Amino acid sequence: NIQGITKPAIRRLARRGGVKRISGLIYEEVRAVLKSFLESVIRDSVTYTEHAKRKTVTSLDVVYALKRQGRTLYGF
Amino acid sequence: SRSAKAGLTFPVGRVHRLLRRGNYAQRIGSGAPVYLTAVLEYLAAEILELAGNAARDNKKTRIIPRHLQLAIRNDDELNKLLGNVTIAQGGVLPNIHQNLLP
Amino acid sequence: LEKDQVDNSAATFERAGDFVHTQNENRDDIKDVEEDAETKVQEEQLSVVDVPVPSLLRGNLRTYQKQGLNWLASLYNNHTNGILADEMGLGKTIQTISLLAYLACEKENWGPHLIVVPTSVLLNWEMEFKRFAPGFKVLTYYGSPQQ
Amino acid sequence: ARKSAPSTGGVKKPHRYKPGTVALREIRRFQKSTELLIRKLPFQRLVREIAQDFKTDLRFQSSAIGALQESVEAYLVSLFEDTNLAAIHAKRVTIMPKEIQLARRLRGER
Amino acid sequence: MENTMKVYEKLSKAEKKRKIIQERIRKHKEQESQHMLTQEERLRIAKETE
Amino acid sequence: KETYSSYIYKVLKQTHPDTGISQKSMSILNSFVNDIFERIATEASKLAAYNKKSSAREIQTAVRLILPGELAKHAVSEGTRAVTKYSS
DNA sequence: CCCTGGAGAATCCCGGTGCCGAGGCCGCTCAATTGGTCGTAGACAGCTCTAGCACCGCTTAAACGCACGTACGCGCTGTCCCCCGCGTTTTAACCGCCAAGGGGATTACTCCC
DNA sequence: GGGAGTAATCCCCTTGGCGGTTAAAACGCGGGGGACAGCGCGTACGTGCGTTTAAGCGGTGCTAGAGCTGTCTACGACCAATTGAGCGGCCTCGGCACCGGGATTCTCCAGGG
Ligand SMILES: Nc1ncnc2c1ncn2[C@@H]1O[C@H](COP(=O)(O)OP(=O)(O)O)[C@@H](O)[C@H]1O
Ligand code: BEF
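Residues numbered from 1 in each chain as written, not as in the entry; some residues may be left out. Chains lettered and ligands numbered in written order. Part of a larger assembly, values for the part shown. Heavy atoms only, no water. Residues with missing side-chain atoms left out of burial classes, pairs and counts.

Per the deposited record, the coordinates in this entry were obtained by cryo-EM to a resolution of 3.8 Å.

In structure tokens form, the structure reads like this:
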């Protein structure tokens, strides 16, 4: 789904990011790069879901993908 | 058990068993089963003190994870020794520029 | 896990109260007959007194309304509950209006009360309050986000 | 007043607020926010709609989708900070793709 | 850490001062007016509402 | 399923006994404990790989290698205390 | 124009009510160090080893300043595009409605003891 | 006489649209902050200078930590075993959750002077 992160959602994400004014031709490229990142992470997740060809994806898979992707995450 | 013999709060027998199962090298000196446990207790104790003062700052007896983020992000050394981890329930410390605000 | 999670409720008391209806109804079906006979007289006797509060109310309460208001008055006084059964059109809304007027005039307590009615009856209740017992200060509820 | 109302309507009145102060107050209120912001159900919808291409019958868990949401939501915010700093480094208080490309080519995309 | 401790202490002192002043205000306002239960002007307010 | 919940509660009572906890903080602290431990162990093993090896000194020198000196001095002091207590 | 009143109101902190949460209590339950040996390997002498320290001292080529002299970031200006907030409109999940299977078993039947 | 699949019951549990809503997303724009174009300026580097100068260049006499060997003893693997740190249901009550109450100052409008 291309329009997952809709226009108001991206707008409030940008406002949370501390920007004075947000132009109307900036969300397309941001959406493209975040879709690329999402494709990369889901590809990795499905790869290690077949590490033991497990028929389910869990937090362990995605934390594996993200911890070897260089963008480490915490809270767990 | 092991804690009383070592005189240390965090268990080290389980930690030393995990280290032995690790088999990181052929030569694994077993004379210090609690050294890593000691350093982790020291780090976690200073982190807990920071989190406690942060939680007491905003009349919060219970440590909200935002308070933990503020505690781990308010020190130069803590952010220097790790700064690439995104903790759940985020929110950067407040900041402003000399051009955005008068 | 759902079945076990829901199961932590149980029932403890009326399982013994069912025993008087098991077996050959025991000597308790007859007791139920006597209970019905007693409660008929009790309902026809206790607090059937015509003590209304025809104050602050616009218009009159009909004969059925007059005979039914005393039941709710007794329920309030005797600290008892009840369920009203009526065929639509007789005006139980008028009964509620008259009961509120009675509580306002006979006694000194008014209080913030709550009414839960279907969405298409909010305005009907509002205009019924306007037409009858308008002394009460009525508040509505529309526009949840801001209003 | 559209119709029957509490007496006379129109109490909203012309009360437009100029930007800047409104922008400042909304960013100040947004900064203290710490929980999830984007809707999670469209997120899982899209992530499942972009998972069957590798293979179907993969299945998922709440912990998984939550962790991917946390990863995507906590990563682009630093990108927003970098883009804003690159923007106000130049005389452009608004955001244009120039400084975001600048941030991409200084944060080591490859 | 001692700076955080003294900041918390001064925050507590300011909170206590606000507690005292707001409690005094509330206590003064509580005893100033007791009139909603009189059963005499209720007829007047009912007539006005009607 | 040996966790650090009891140890975490003990260190809580030691540092700030009056302070409570959330329901997900303990997972964060346990992750801190074990991930710091495994990364430090991996650095120690990779450092000892070059030198021929077939304890306290290795852990202490691994700590002093990368982890900041401000914490490294306390780490060395507490490790010496722990090893002396074990030998006591 | 600075200053004063005059009001929406953020924030403070307190309420005010509802709940779920750390840990103790009962249950038990898995391994750390004693207890010792097998071997082993890492530092104690021994020999050595090998190019680094510092030295010799001209000699170009960095140190290193200065006048011509002009290039463009930035000071101002004008010139002028479309971000942003008020009022509307179109999706969107969720609470139920309806009724035919769901399913382990034990408790009549009948076959086992 | 007494117990177990089969028949039957339990008690929601499924199933899918299906009305009825209240939260969001996608509209239009007057003006209005925001971006962008012009012109001078001034200062401060680019350079082509005369003039010292400090690492290079070539070789040296070793020498002080390094490369390095037996080897032999301090010390890393060793499996019984048991009661203890601790891990798991459970269950309560106030810290937290959310929203109104009113003063200070944040802030903008209508004047006073
Ligand atoms: N005094 C009255 N005059 C006119 N109509 C009345 C009166 N009392 C009751 N009603 C009617 O009775 C209806 C009340 O319906 P409700 O109370 O839901 O069930 P029921 O039909 O049993 O009263 C209203 O529609 C109202 O018009
Ligand atoms: F018959 Be009703 F509407 F009580």
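Within chain B one finds five helices and zero strands. For chain B, the α and β elements follow one another from N to C terminus as α-α-α-α-α. Taking 2.2 N^0.38 as the reference for a compact globule, 102 residues should give roughly 13 Å; the C-alpha atoms of chain B span a radius of gyration of 19 Å, well beyond that estimate. By its C-alpha atoms, chain B is 65 × 30 × 20 Å across when sized along the principal axes. Within chain B, contacts between residues at least 6 apart in sequence are counted, and of these 26% link residues at least 24 apart. (Helix = DSSP H or I, 4+ residues; strand = E, 2+ residues; numbered from the N terminus. Rg over C-alpha atoms; globule rule 2.2 N^0.38 Å. Contact = heavy atoms within 4.5 Å.)

A few words on the overall build of chain E. Across its full length, chain E carries two helices and zero strands. Expressed along its principal axes, the backbone C-alpha trace of chain E runs to roughly 65 × 20 × 10 Å.

Our next topic: the interface of chain A and chain D. Each side of the interface is counted separately: chain A has 39 residues, and chain D has 41 residues. At the level of elements, α1 (7–16), β1 (21–22), α2 (27–49) and α3 (59–69) of chain A are the ones that each hand at least two residues to the side of chain A that touches chain D. Considering each element in turn, the side of chain A that touches chain D owes the most residues, nine residues, to α2(A). Counted by class, the side of chain A that touches chain D contains 18 nonpolar, ten polar and eleven charged residues. Sheet topology places β1(A) next to strand β1 (residues 94–95) of chain D; two bridges connect them, and they run parallel. What sits directly across from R21(A), in β1(D), is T94(D). (Nonpolar A, V, L, I, M, F, W, Y, C, P; charged D, E, K, R; others polar. Pairing = 2+ DSSP bridges.)

This brings us to the packing of aromatic side chains. Judged by centre distance (5.8 Å) and plane angle (70°), the rings of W125(C) and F129(C) are edge-to-face. In this pair, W125(C) and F129(C) both sit in helix α6 (residues 122–131), four residues apart, roughly one turn of the helix. Clustering of aromatic rings is evident, with ring pairs tying together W125(C), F129(C) and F136(C). A cation sits over an aromatic face here: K67(A) above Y64(A), 5.1 Å from the ring centre. (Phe/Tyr/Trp six-rings, centres within 6.5 Å; stacked < 30°, edge-to-face > 60°. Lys NZ or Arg CZ within 6 Å of the ring centre and 35° of its normal.)

This part is about the packing of helix α3 (residues 35–57) of chain B against helix α2 (residues 25–50) of chain F. Close contact between α3(B) and α2(F) brings their axes to 10 Å; oriented N to C, the two are set at 135°. By the angle between their axes, α3(B) is oblique relative to α2(F). Between α3(B) and α2(F) the crossing geometry is right-handed. The segment α3(B) lies against α2(F), with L36(B), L40(B), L43(B) and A44(B) engaging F32(F), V33(F), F37(F) and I40(F). Among the residues making up the contact of α3(B) with α2(F), the classes are represented as eight nonpolar, no polar and no charged. (Axes fitted to C-alpha atoms, helices over the stretch in contact; angles between N-to-C directions. Parallel < 35°, antiparallel > 145°, perpendicular 65-115°, else oblique. Left-handed = near helix turned anticlockwise from the far one by under 90°.)

All right, on to α3(B) then. Under the 1.5 Å per step criterion, the end-to-end length of α3(B) is 33 Å for 23 residues, consistent within 8% with the ideal 33 Å. Positive phi shows up at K59(B), right after α3(B), with a value of about 40°. (Expected span 1.5 Å × (residues − 1).)

Another point: the environment of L99(C). For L99(C), the position within the fold is in helix α5 (residues 92–106). When neighbours within four sequence positions are excluded, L99(C) is seen to be in contact with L69(C), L72(C) and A73(C).

Turning our eyes to something else, we now look at the side chain of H16(F). One can find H16(F) in the loop between α1 (5–15) and α2. Side-chain polar atoms of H16(F) contact the side chain of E49(B), separated by 3.4 Å. Apart from the residues lying within four places of it in its own chain, the contact partners of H16(F) are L48(B), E49(B), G52(B) and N53(B). (Polar contact = N/O pair within 3.5 Å; in protein donor to acceptor, adjacent residues only side chain to side chain.)

You can see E29(A) is positioned in helix α2. Beyond its immediate chain neighbours, meaning those up to four positions away, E29(A) contacts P97(D) and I100(D).

Here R131(C) and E128(C) are joined by a salt bridge, their closest N and O atoms 3.4 Å apart. Remark: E128(C) and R131(C) occur in helix α6; sequence separation between them is three residues, near one turn of the helix. Of the charged contacts, one joins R59(D) and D57(D) as a salt bridge, the two residues approaching to 3.8 Å between their closest N and O atoms. What you see here is one network of salt bridges that share partners, running through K55(D), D57(D) and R59(D). (Salt bridge = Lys/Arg side-chain N within 4 Å of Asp/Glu carboxyl O.)

Turning next to unusual backbone geometry. Of all residues except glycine, most have a negative phi; of all peptide bonds, most are trans. In this structure, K53(A) takes a positive phi of about 40° despite not being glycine. The backbone of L56(C) shows a phi angle near 70°, a positive value even though the residue is not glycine. Summarising the element assignment, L56(C) is placed in the loop between α3 (29–45) and α4 (63–77).

Turning our eyes to something else, we now look at the arrangement of the chains. Once contacts are tallied for each of the seven pairs of chains in contact, the highest total is for chains A and D. Contact between chain D and chain F is absent, and the minimum C-alpha spacing across the pair is 13 Å.

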